[PDB]
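This document starts with one chain, in the form deposited in one PDB entry, laid out as structure tokens.
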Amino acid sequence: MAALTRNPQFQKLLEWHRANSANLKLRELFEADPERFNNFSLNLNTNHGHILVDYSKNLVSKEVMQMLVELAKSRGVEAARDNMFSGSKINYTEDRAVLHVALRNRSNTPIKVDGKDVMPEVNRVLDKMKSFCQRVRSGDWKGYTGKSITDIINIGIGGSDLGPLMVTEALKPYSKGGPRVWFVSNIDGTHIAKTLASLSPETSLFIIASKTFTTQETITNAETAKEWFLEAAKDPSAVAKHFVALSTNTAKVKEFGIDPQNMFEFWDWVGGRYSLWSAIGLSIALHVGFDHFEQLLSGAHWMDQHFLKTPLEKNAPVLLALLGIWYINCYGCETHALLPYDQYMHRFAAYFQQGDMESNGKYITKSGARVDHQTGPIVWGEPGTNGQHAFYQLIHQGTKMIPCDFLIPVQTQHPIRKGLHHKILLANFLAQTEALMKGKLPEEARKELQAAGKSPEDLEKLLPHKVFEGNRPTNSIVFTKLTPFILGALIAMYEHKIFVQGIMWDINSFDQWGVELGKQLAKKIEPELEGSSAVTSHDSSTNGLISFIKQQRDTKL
């Protein structure tokens, strides 16, 4: 078996769930205890706004939370956290440190890897980013025909794309005066082609974002961009005014034709899905300004310190992690929905779909054992209120239990119509979790239909369809305003939630052998697509699909 299932505190938790969970009814939990909100929420004062983590609408009692905290202690969460923060090589399959926390270590307390403090180099690259941002944003940096830069294009995929994309979308109001930012990621030629169609080579700056600098999609996209650029500029020296690199691989950057002076370095202990805090964040800093990028880092640092110093029973990422364990390993819920009531946060769910699933979508433990329990959930979601009109039907009246985190800023960036839109948005945010909790009893629906004027026949026909069973648990995460600082704190909070779950499951949150597999796969099929000859080298499906491609690719439509 595996560490979690062999753990006596987990077996106690699970046994309690089997014996007692059917008796947990949210509506009744609240009625019985007027202090429920007070005892099952955290109001965090960061001194730059508050974050309220209200976990009271969860299927938990004091005893459940106690058992969960004991399990975290039994699973050695505190020691593991400390090991991450001190630069221990906790990425054991790759023998690497895990130090995204060093990237935003505003205190500058030394963090050592291999006896050497990483902070001087972290800060050197940040200084280089700051200087570069000033030069570009001021209009001082000129293109090959002597014009200021108007457009910045990040080329990268996965960890080198989604962070910068999500954050520049979320912090859009802070981009006034900054250059337009574009993200190219897919190898699909549509992505680069449609982007380049809107650009001038004279005023576009490309950012090639790649830890390895060998990823097929990114290097191919970069080469396509360079070819397009050089067709116009016709001068290799012009590349240095228009192409920069964010990477750990100096040799491959040089090979591509980028000046080492145009290279913004990061390190092997920065996981891609944890990399927006590093040089990978350059497009963020260019778009919103370095000061706002620093505020983002500072928010993360606040949350880092919260995670590091707070007792587990009052520790926000730990509690979120433990509630997840409860739903995943005791209730068996496959999914976790992230539902931010904020259009600017429209890529937040997608970001953590990567952050969570690539981290904890694992099945081998530190001991080499195959897990005999569930690990990471499927993470999904869309911003409210749109979701209410798309898939909430299923959340309310389907056959699935779906833990949801509802997120919203108190203050809107756009208080139009004297705040009318935000009032309605807030009302829906609140009402939805209330509804999921409370439901609507047959007798309550019966009274409603009676009042609506329905005949005894029509009422009886319609009744069961109008019943909401409720008891659907949510987190509500509410924050003063979505500033760069508060966003940094929220991202870091979920990063540490993911960390805690991974430790408890005894898996490595920080490798990605499935992703590494992917990068080895396409090479075998590529040459087989060339020419008209039939391919017989694979299974009949792969073969048949190739035959279809070859048969269909010359047809005129």
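We call the rigid core the largest set of C-alpha positions that still match within 1.5 Å between the two forms. Heads up: residue numbers just count along the shown sequence, starting at 1.
Beyond what is shown, the protein has a form deposited in another entry; the following relates to that form.
Colleague: Pick from 74, 83, 471, 248: whose Cα moves by 2 Å or more between this form and the one not shown, rigid core superposed?
Modeller: Correct option: 248.
Colleague: Superpose the two forms on their rigid core, then report whether the C-alpha of residue 257 is displaced by 2 angstroms or more between this form and the one not shown.
Modeller: Moves: yes, 2 Å or greater.
Colleague: Rigid core aligned, does the Cα position of residue 520 differ by 2 Å or more between this form and the one not shown?
Modeller: After core superposition, the C-alpha of residue 520 moves 2 Å or more between this form and the one not shown.
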